[PDB]
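Novice: Sequence, then the experimental structure. Questions to follow.
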Amino acid sequence: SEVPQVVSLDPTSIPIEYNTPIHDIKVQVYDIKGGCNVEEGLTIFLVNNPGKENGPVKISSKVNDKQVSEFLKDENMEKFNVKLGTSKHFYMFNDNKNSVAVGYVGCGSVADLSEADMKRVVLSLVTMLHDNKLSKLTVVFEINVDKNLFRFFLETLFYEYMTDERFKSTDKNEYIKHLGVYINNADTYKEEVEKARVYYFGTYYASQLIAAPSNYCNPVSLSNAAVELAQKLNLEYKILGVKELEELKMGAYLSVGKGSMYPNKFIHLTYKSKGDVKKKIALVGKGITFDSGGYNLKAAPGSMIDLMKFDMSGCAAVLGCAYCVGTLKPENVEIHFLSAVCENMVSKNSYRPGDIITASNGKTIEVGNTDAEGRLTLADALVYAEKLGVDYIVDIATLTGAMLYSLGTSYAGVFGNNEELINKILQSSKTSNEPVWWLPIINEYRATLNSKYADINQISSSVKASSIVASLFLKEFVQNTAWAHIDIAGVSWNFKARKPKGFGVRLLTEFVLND
Amino acid sequence: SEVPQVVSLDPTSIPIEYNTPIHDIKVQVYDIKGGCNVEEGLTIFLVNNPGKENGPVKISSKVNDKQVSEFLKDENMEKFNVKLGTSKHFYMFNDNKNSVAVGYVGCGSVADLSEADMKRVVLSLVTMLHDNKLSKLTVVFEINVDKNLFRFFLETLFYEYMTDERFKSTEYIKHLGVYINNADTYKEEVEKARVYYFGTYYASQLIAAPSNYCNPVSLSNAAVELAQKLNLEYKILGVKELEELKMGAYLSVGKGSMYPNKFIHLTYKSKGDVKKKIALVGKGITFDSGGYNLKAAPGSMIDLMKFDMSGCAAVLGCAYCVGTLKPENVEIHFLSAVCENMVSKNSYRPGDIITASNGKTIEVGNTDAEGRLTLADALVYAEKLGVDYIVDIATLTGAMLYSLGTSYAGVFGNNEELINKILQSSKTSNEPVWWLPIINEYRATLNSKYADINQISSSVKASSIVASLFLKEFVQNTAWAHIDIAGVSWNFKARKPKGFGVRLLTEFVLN
Amino acid sequence: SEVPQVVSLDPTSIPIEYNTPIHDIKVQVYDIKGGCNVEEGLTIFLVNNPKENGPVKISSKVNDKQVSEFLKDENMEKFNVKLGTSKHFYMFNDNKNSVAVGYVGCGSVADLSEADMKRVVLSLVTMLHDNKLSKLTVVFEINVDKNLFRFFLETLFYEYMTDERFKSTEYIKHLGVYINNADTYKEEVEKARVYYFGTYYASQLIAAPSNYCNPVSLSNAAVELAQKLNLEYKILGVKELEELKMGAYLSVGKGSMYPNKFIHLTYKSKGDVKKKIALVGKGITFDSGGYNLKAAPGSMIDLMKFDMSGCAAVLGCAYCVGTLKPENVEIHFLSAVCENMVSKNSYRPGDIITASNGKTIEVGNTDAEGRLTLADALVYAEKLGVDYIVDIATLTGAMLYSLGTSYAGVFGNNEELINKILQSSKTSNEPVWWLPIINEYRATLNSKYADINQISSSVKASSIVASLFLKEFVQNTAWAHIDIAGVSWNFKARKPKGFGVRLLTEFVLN
Ligand SMILES: Nc1cccc(C(=O)N[C@@H](C(=O)NO)c2ccc(-n3cccn3)cc2)c1
Ligand SMILES: Nc1cccc(C(=O)N[C@@H](C(=O)NO)c2ccc(-n3cccn3)cc2)c1
Ligand SMILES: Nc1cccc(C(=O)N[C@@H](C(=O)NO)c2ccc(-n3cccn3)cc2)c1
Ligand SMILES: [Zn+2]
Ligand SMILES: [Zn+2]
Ligand SMILES: [Zn+2]
Ligand SMILES: [Zn+2]
Ligand SMILES: [Zn+2]
Ligand SMILES: [Zn+2]
């Protein structure tokens, strides 16, 4: 579709980098039991010291170089400790009279690294990659990691190493071309390499969409990006416009976008396996391209209206999952990637606080607050999802700011109507190392959504547990299907690092794959 | 006339039910001095006990049933008391060996029940109707009530009994019996109560109706339909006509709305010599966002602001009653400058200087004080009609909640006699109103440096008075009274409108 | 009796000025008929034009040719009568003596209101403050009744007077009045002087900072005043207050370094008493709001020395009553005085306390301390067996949103008493508007654990809710309540009005 402009300078597409520097890195995996070769670039050892905290550095691996081995001997390394995050640079000449660069990153004293500890290690490693024109990196694992944590290492490395310069003009300014990995039982880890590279881009793709400003990323331009992505992955796609949405009676969703200059666009991507189907899955993401709050404008102190381009993070995660799925191509499964995309703006055309609107399932809704627009969009999307006749419906959304008060910035919350699906989401959490916590849908609060005139209240008057109340509202639009709700309002944006996380991509993909 | 839409799913008319289940209730009034008979349905005795606070229940009236009488002996009822709001249900077999349902509502210990108390009696009575599949209700009055309070009982019964389900997707009684002393005089109050009931309930339907349904176009269409179902003269002034009349203050407010301004002018004329011409003016803001002075502050309650046309709803509800009852020797003008206060590129700005139809220039200090601007141009219009009385009713100021609260509306004005008539009408209609002053000392704070007058005050925080001072500037030589119903229009506890003003304005017109 | 100190530099008494320069002003009142003489000082004509912003015209005959020439229509039409506008010129008279002549515009409306007359006086006083005059002469070319005339003199005296007790690093001696029917107005002159000081005495107490005016020193002041006027007096200390079981009032004062002090002054007539009145004044020397601290924007904690304006008004009334000495009445001047502070000893939000009438009270907001002190004061008052009880208090900030800064609110349980107040408002020219005690709001004060709530959680009609509360503490006596929170302090002029002295005095005398 054509993107409407106010001025000719208004951008008419989202800039997207497909071919990243990371994709050009050749990755080699070796077994430690054959010894380490130390040559060009930077060679880093991941070292810990179990039990003794801040203990001295010891190098276990055999180094196939007499000079370097002498340098890395215990007597020399004892002056350094393994405090998690610590790093050191070494400079020396090898057996062939060439200058080599060696070093280590401390992995603390705990034998089992959490997904957070791993991130801290990688961030230390990225520091060594930044402001250094290296042609090759070599990593030597002298720590115990399982296959999932190893993959997570690579993904995190690839993600943090990458730098988004899509909107830089006058302020720019060499990535490595080779990445060597030494690890015990290397043959058992090689399979994770390309999985990591695929999970990397799915996450980085979502990141680009979330980071892109609302004048670049609007409902028309975003849906366009989905079409382009589907075309590149040979996914079936359907983009529903206003005329189709009207006949489908999506009144709740249509109301939210009334005050926007950009018409509503409902994204429907489908991946179907070439084998007989055993499971049908619907993935629904909240896709508000900008959330101004509507007439309930985000004007209160700490409402953070400048962050509100983030409000399509759920849609981004789902599209990123679409990349991972359409690339890895899982068998015997059919997936629907769905998003009701629109923009919540203030206008003469906007919907009002107090308005009564009718969702596609016939339920009438009294809007008590226009800044609770996400559940309204999701309502019509959930009805759409169930109509597809699937086994699982999973939605992911930056729905409630209360999540920052419940689980904070590290853990997402999962709600649902089916315990087994919840457990499946939680298993996907562990294998993707994207932390999620199970929160209740307390039915005692349901009565507060009883409207005097409408079928149901959008919001509660009394209950301050908005994350739970919102889940109660969504559950009203899934009649008889296993359904889960993931709230990523707290974890989607990395506040200290000033960038998106692309949270949800790897989690949803593990869910699809391990089922 | 055609309602503009953004999407096809947008409503283009206000759903209105005219024939309610309350209209299907056959009402009979008997005199108690002949006996009560029971039989079918539920029979409720309104009882009290003068003197003793929680004194025993004593059924004094004669019951035309040996069984029911034996059950209603003093000794049997002695265990019950008459605490205001107390209710009980009884089961027994009458002389016909048929199961009958009997009970009572406690009417306290005071000989003269108050408006607030009578509503408490009714609500307790309505509770008995909501959870039971009854085909008939019988109410026996063993308390003293005058004709007005009796009518009030019926109105309040009818109002609280009726349930609005216009906006829901996913068994009323058919008979009402009333036993009462001096029944023949109370009989005429019945159909008057039915008329007062709907005028009130018509108003509430409009107010309760959300702002996507009730817009300046649909509301004015509803008024035309009402005018046509009665036979009042009607004319809806459009933007073009309003421009020719130079109603700039009124036109400014609606600038940011997707709905064109509609000025409602209804007229009732008696078929005889007119001795009094009256102009009723209702504030008709279908939705009040506040304009660029957006309602964002804690406690501004923006999601309620569909009620900001309660003044118009009150005026239309009165038009129905007047249209139905057809009073004599009067000519009534039902006026409302309807528009919507929205945020847009076309909206008017704080600081803007606008020109009223009487030529006075106005400096806008706050866009959320928009009611008095539409009223100003409506008052100019009303006085040009050459009337004897101008009365406006409006949800104008939030300060009312801090002055009089949620029960008592405030009345302002430039003529004591007119105020006295409004206060009198407040008594007989049982819609409480308290007289508040227009303090002229505060007028100096409406002096502008550039415009002829300021919209809002600089220093004074008594906005309900300051607003009254602003309104008075647009009535040069006609008795005028102002009724602020911003405090009383919405029943917060019940989460519904009161339809406040309909009965007051009708009592004012009739008498 | 002895005022406690934290440091030796802390004040131990309220400075009071009794003999003011106003008392040194010799006032003569002449009839306009016969013409006006202009010989010394300033002569101001009070002129109107019944049109708007119309020209100035002097109707009165001036027995001086030079001034007459200055006052001819051709000269005066250059000026206008816009309410409060003034001009004055210096010139020589027939005797070649320096005189000053001018006018104050009185607008275009024939009957001046109390607000209008104040703007006129303020324009008059402006000329007084920047001219070294020996004599002011005011010629009334407007119509004023006896009451408005006396009100003119009181307001003139009050605005003219400058309080300088707290300043560290030449009033006129003669006042002349030309007015039609001068004889009927002369008797109002000395009454004005009395009403002025009663108002000024009160203002002196309100303006006095909270470190000067504390529970102890304020009660000490009341005794000093009571002795000068030969009124009997009684100051109740904490021990008495404890034996009287005044828990509501004692609770509020718990966090203060200053012990609670209950002021009880009594005026008795030599003639057989036929009416007994008790006047109750809110006496909070400082109101920080307690643990419910006044910390919200616009809570104006720096004003809160005014929170004893009610007590000041009562004492101001006591001066007038003791001076004019009315007959056949016994008046009781009451005030439960204390301070509302934050401390380890303070009363907390939530506390349930017992008033002297046995009613348990759940404290929902420590800043609503006024009604608690008033509760035990009203209980004390009824025990005196009086016919009328009138309390006057800076009780609710909501008054600023109802009536504003000019009209005080009056509540009550007896229609005749309220009307007597409303009439006193008319004759004292201190504006008061009747407000309703809505019984339908009473149910919000039903405590879950106490007999009654201190405040309402829902209803925002604070003045009415507070009226319902106080109503619970008067069982069988005519009682009226005057909320002067909005009108007590003159914000524009940055000073007290001493509001209520003249109102209550007119109530006692008439
Ligand atoms: N009680 C009540 C009332 C109205 C809105 C909410 C609410 O949860 N609002 C959310 C919203 O705007 N959804 O569209 C909302 C608000 C803030 C964030 N946020 C996340 C990170 C930083 N801020 C996320 C979602 C709740
Ligand atoms: N001084 C000044 C400044 C700006 C607004 C007002 C003012 O009176 N605003 C009113 C308004 O919006 N009129 O259109 C207003 C405000 C609130 C309510 N309210 C009623 C129930 C709950 N709230 C009603 C009317 C006055
Ligand atoms: N419900 C409830 C809660 C908390 C305070 C009040 C209240 O009315 N408080 C009054 C008080 O502090 N009394 O001691 C009070 C009295 C006067 C003002 N005022 C402001 C400016 C001029 N005067 C403000 C508050 C009521
Ligand atoms: Zn929102
Ligand atoms: Zn949102
Ligand atoms: Zn408004
Ligand atoms: Zn309004
Ligand atoms: Zn206080
Ligand atoms: Zn106080």
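Specialist: Thanks, I have the structure now. Residues are numbered from 1 along each chain as shown, chains lettered A, B, ... in the order given. Ligands and ions are numbered 1, 2, ... in the order given.
Novice: ok and the residue in chain A nearest ligand 1?
Specialist: Closest approach of chain A to ligand 1 (CB to the nearest ligand atom) occurs at residue A:401, with a separation of 2.8 Å. Using the backbone N, CA and C atoms, a C-beta is placed for each residue, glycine as well.
Novice: So that residue sits against residue A:489, correct?
Specialist: Yes. Residue A:401 lies in contact with residue A:489 (CB atoms under 8 Å); the separation is 5.9 Å.
Novice: higher neighbour count, the two?
Specialist: Counting neighbours by other CB atoms under 10 Å in any protein chain shown for residue A:401 and for residue A:489 shows that residue A:489 has the greater number, 23 against 15.
Novice: Please identify the helix or strand for the more buried one.
Specialist: Assigned by DSSP states H and E, residue A:489 belongs to neither a helix nor a strand.
Novice: And residue A:88, by the same measure?
Specialist: Assigned by DSSP H and E, residue A:88 falls within strand A:87-93.
Novice: and that strand, what other elements does it pack with?
Specialist: Contact partners of strand A:87-93 among helices and strands, from 3 or more CB pairs under 8 Å, 6 or more residues apart in numbering or on different chains; DSSP states H and E: helix A:66-71, strand A:99-106, helix A:115-129.
Novice: want to throw the ones you listed into TSV with distance to residue A:305 and mean neighbour count?
Specialist: Below are the helices and strands packed on strand A:87-93 laid out as TSV (distance: least, CB to CB, whole Å; neighbours: other CB atoms under 10 Å in any protein chain shown):
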stretch	distance to residue A:305	mean neighbour count
helix A:66-71	55	16
strand A:99-106	39	20
helix A:115-129	29	18
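Novice: got a markdown table for these, with distance to residue A:184 too?
Specialist: Below are those laid out as a markdown table (distance: least, CB to CB, whole Å):
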| stretch | distance to residue A:184 |
| --- | --- |
| helix A:66-71 | 19 |
| strand A:99-106 | 17 |
| helix A:115-129 | 18 |
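Novice: circling back to that earlier point, quick one, what contacts the residue of chain A closest to ligand 1?
Specialist: Going by CB atoms under 8 Å, 6 or more residues apart in numbering or on different chains, residue A:401 touches A:466, A:489.
Novice: quick one: which helix or strand includes residue A:112?
Specialist: Following DSSP H and E, one finds residue A:112 outside all helices and strands.
Novice: Same question for residue A:284.
Specialist: Taking DSSP H and E as the criterion, residue A:284 maps to strand A:279-285.
Novice: Going by neighbour count, list what's buried in the next helix or strand after that strand.
Specialist: Counting by DSSP H and E, the next helix or strand C-terminal to strand A:279-285 is strand A:287-291. For strand A:287-291, the neighbour count (16 or more other CB atoms under 10 Å in any protein chain shown) marks A:287, A:288, A:289, A:290, A:291 as buried.
Novice: in terms of contact, does the third one touch residue A:308 like I think?
Specialist: No. Judged on CB under 8 Å, residue A:289 makes no contact with residue A:308 at a distance of 9.4 Å.
Novice: so what sits against both of the two?
Specialist: Shared contacts of residue A:289 and residue A:308 (CB under 8 Å, 6+ apart): residue A:214.
Novice: quick revisit: who's in contact with the strand holding residue A:284?
Specialist: Counting by CB under 8 Å, 6+ apart, A:312-319, A:321, A:332-339, A:378, A:381-382, A:385-386, A:388-397, A:504, A:508, A:511-512, A:515 sit against strand A:279-285.
Novice: if you set the cut-off to 6 Å instead, what comes out?
Specialist: Defining contact as CB atoms under 6 Å, 6 or more residues apart in numbering or on different chains, one finds that strand A:279-285 is touched by A:314-315, A:317-318, A:333-339, A:381, A:385, A:388, A:390-396, A:508.
Novice: can you pull the buried residues of it?
Specialist: Across strand A:279-285, burial judged by 16+ other CB under 10 Å covers A:280, A:281, A:282, A:283, A:284, A:285.
Novice: before we move on, what about stretch A:503-515?
Specialist: Applying 16+ other CB under 10 Å to stretch A:503-515 flags A:503, A:504, A:505, A:506, A:507, A:508, A:509, A:510, A:511, A:512, A:513, A:515 as buried.
Novice: How about the contacts made by the fifth one?
Specialist: Listed by CB under 6 Å, 6+ apart, the contact partners of residue A:507 are A:428, A:432, A:434.
Novice: Which helix or which strand is home to the first one?
Specialist: Looking back up the chat, that one is residue A:428. Going by DSSP H and E, residue A:428 is part of helix A:419-432.
Novice: Could you identify the helix or strand that succeeds that helix?
Specialist: Downstream of helix A:419-432, the next assigned helix or strand under DSSP H and E is strand A:436-438.
Novice: Okay, now the sheet partners of the very next helix or strand once past that following strand, with direction.
Specialist: Where DSSP H and E defines the elements, the next helix or strand beyond strand A:436-438 is strand A:456-457. Here strand A:456-457 has these sheet partners by DSSP bridges: strand A:364-366 (parallel).
Novice: starting at the chain centroid, how far to the strand it pairs with?
Specialist: 32 Å (CA atoms, centre = their mean, to the nearest Å).
Novice: what's the angle from the following helix or strand past that strand to strand A:279-285?
Specialist: Moving toward the C-terminus from strand A:364-366, the next helix or strand (DSSP H and E) is helix A:374-387. In terms of direction (axes from the mean of the first three to the mean of the last three CA atoms, to 10 degrees), helix A:374-387 departs from strand A:279-285 by 160 degrees.
Novice: which helices and strands does the helix or strand just after helix A:374-387 pack with?
Specialist: Sequence-wise, the next helix or strand downstream of helix A:374-387 (DSSP H and E) is strand A:392-397. Under the contact definition 3 or more CB pairs under 6 Å, 6 or more residues apart in numbering or on different chains; DSSP states H and E, strand A:392-397 sits against strand A:279-285, helix A:313-328, helix A:374-387, strand A:482-487.
Novice: Can you tell me the strand partners of strand A:392-397 and which way each runs?
Specialist: Counting by DSSP bridges, strand A:392-397 is paired with strand A:279-285 (parallel), strand A:482-487 (parallel).
Novice: Export these to TSV and append columns for distance to ligand 9.
Specialist: TSV is the format used below for the strands paired with strand A:392-397 (distance: least, CB to the ion, whole Å):
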stretch	distance to ligand 9
strand A:279-285	56
strand A:482-487	47
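Novice: Would you reformat the ones you listed as CSV and include distance to ligand 2?
Specialist: Putting the strands paired with strand A:392-397 into CSV (distance: least, CB to the nearest ligand atom, whole Å) gives the following:
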stretch, distance to ligand 2
strand A:279-285, 38
strand A:482-487, 33
